[PDB]
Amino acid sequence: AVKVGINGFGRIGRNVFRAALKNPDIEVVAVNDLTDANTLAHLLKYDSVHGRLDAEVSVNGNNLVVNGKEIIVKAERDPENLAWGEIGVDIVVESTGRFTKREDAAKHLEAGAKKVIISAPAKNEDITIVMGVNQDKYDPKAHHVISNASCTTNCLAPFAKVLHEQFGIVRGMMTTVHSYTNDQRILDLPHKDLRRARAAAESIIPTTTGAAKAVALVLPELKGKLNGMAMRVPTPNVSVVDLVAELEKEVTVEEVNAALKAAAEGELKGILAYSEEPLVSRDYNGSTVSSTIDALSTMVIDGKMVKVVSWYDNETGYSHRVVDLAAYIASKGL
């Protein structure tokens, strides 16, 4: 029903597409990138990480035909010339990675879109939402440039929430051991981040993350209580959050895991998951939840310091959240 347009048909853009084909509440009517339709059809069809799209994809002139519906292909470098309004696009998913500051993202609104979901942390957005955490704070009257935060924040927030509500976080530090992404380099090339300049598939690469601090945007009570870093490693998809926290109450592993399982089975079902199996990163490829607790890794010291580890498919989970947010937003009235 709600008409969606995707700006930047890359890892997240094409994964959102894939997640959207499942949602009957949403309809992707157009995509914009920097290439032609033949190239997009080919990239959409064959995915190195996710396998063949199971849908008939063809090219009809300048457009994509997927299961008989035509999808408009644009190739406009400048968001202002998109003309979203002319084709009836209501919600734009901004997934280029170039327009995360309000000045650029709002161009879509000026082009006739009713709402914009930035697929990353933003600057000056109306509101930053983590589904299952603070979607209730969205005001349809006032919020038009919406950030869906990062994949890492989507992983950490749901369980930080649980731990905080339940035991109370004094302070905590995280490490995300993260698959490489298109922001890195194949072989030692210039980068703003000198760590991210280095061959992506050959090293463990420390890099900064704003994800722990960003939790404070969706869970105000944690402002100034978490910090963290990332470690980019030689895998193409799937990541994991390692959080070490000092709690207010004294707990046991059993207690910590019970609260997490409860939430995964209740309030956070479909967002937070819980696993007691000894799995590895490849096992989570294709996982649509935001966070899956590795129960076997939970660990406590002195009743107060806990280690919690949670898996996330950084392309899939995050893309399903983008679609969830689009439906929720549309559900509040456009």
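All residue numbers are counted from 1 along the displayed sequence.
K.L.:
Comparing 183-191 with 167-175, where is the mean C-alpha B-factor higher?
P.N.:
Between 167-175 and 183-191, it is 167-175 that shows the higher mean C-alpha B-factor.
K.L.:
Would 278-286 or 34-42 have the larger average of its C-alpha temperature factors, as given in the entry?
P.N.:
Stretch with the greater average CA B-factor: 34-42.
K.L.:
Looking at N63, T292, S48, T298, which has the biggest Cα B factor in the entry?
P.N.:
Of the options given, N63 has the highest CA B-factor in the PDB entry.
K.L.:
For the listed residues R98, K107, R77, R196, which one has the largest C-alpha B-factor as given in the deposited model?
P.N.:
Within the set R98, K107, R77, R196, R77 shows the top C-alpha B-factor.
K.L.:
Quick check for you: using the entry's CA B-factors within this chain, is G8 in the lowest, middle or highest third?
P.N.:
Answer is middle: the recorded C-alpha B-factor places it there.
K.L.:
Report the third (lowest, middle or highest) to which the CA temperature factor of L219 belongs, ranking only the modelled residues of the same chain.
P.N.:
Highest third of the chain for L219's C-alpha B-factor.
K.L.:
Using the temperature factors of the C-alpha atoms in this entry, rank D313 within its chain: lowest, middle or highest third.
P.N.:
For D313, the deposited C-alpha B-factor lands in the lowest third.
K.L.:
Lowest, middle or highest third: which one holds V89 when the chain's residues are ordered by CA B-factor from the entry?
P.N.:
Its C-alpha B-factor belongs to the middle third of this chain's values.
K.L.:
When the modelled residues of the chain are sorted by Cα temperature factor, does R232 land in the lowest, middle or highest third?
P.N.:
Lowest third of the chain for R232's C-alpha B-factor.
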